[PDB]
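> Input: one structure, supplied below.
Every number here is computed from the coordinates shown, using simple stated rules; none is lab data. Every residue, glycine among them, receives a Cβ derived from its backbone with ideal geometry; neighbour counts consider all protein chains shown.
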Amino acid sequence: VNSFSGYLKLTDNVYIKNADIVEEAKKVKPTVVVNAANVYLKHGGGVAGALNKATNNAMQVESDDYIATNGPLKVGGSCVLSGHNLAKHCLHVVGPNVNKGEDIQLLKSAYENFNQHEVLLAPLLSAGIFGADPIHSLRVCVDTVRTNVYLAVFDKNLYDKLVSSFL
Ligand SMILES: Cc1ccc(-c2nc(Cn3cnc4c(N)nc(N)nc43)cs2)o1
């Protein structure tokens, strides 16, 4: 038993809520929050910009040091860094961004990173400004992640469609 509340159950291990991921992380302070990162860990917009802003740019400073030491992530890849004031840890995961010509098939590889953590709060990968269909995205999540994932979907219209249009 944990501190998540108000989630709709999708499968044995997947849950969903219409929530801003920043407000949810501040309220729950989970062990792991997932960031929808890019390979450079440049947290400009979407989930990444919003999480970074809530850490007063400390996430960006820690990320720049990580890149200066290790180089960029892979599309489909991840790294674990601090969660700052929002979580114990932040799992930065790079879903494919279709507006940059990135391969949609790498979305499954991105979600595989979640399996290294028993419980996560996370956004839908490659949704929002990353330009994938949040619904194909939810199907890959459900068919790939085996650990306990609490999804936050910010857009009410999108949430209603995903909960409805789910097979
Ligand atoms: C077609 C359509 C309508 C809305 C959207 C998008 N949603 C996202 C993901 N996202 C961005 N910011 C946040 C945030 N603060 N909280 C959560 N849970 N998700 C976030 C990217 S585009 O796409």
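> Search region 131-167 for residues being among the acidic types (D, E) and under 15 Å from the mean Cα position of the chain (by Cα), and hand back the single one that is farthest from the ligand (Cβ to nearest atom).
Looking at the filtered set, the residue picked out is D133.
> Within region 88-104, identify whether any single residue is surrounded by fewer than 18 Cβ atoms within 10 Å (Cβ to Cβ) and without any contact (Cβ under 8 Å) to a residue 12 or more places away in the chain, and answer yes or no.
yes
> Just need a number here: residues in region 135-167 that are of a type outside the set (G, A, S) and under 18 Å from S109 (Cβ atoms).
12
> Right, here's the next one. Where in region 1-84 are there helices (runs of 4 or more DSSP H), lying fully within it, with 1 or more residues that are surrounded by fewer than 15 Cβ atoms within 10 Å (Cβ to Cβ) and within 14 Å of the ligand (Cβ to nearest atom)?
Fully inside region 1-84 and qualifying: 21-28, 46-54.
> Go through (1) hydrophobic (A, V, I, L, M, F, W, C); (2) part of a helix (DSSP H, G or I); (3) under 27 Å from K29 (Cβ atoms) one by one and return the number of the condition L107 breaks.
So the condition that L107 fails would be (3).
> I would also like to ask the following. Scan region 87-130 for residues that are within 14 Å of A36 (Cβ to Cβ) and within 16 Å of the ligand (Cβ to nearest atom) and report the count.
Final tally of qualifying residues: 27.
> Let me ask something else. If you scan region 105-135, which residues turn out to be more than 30 Å from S5 (Cβ to Cβ) and buried (at least 16 other Cβ atoms within 10 Å of the Cβ)?
Residues satisfying the conditions are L106, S109.
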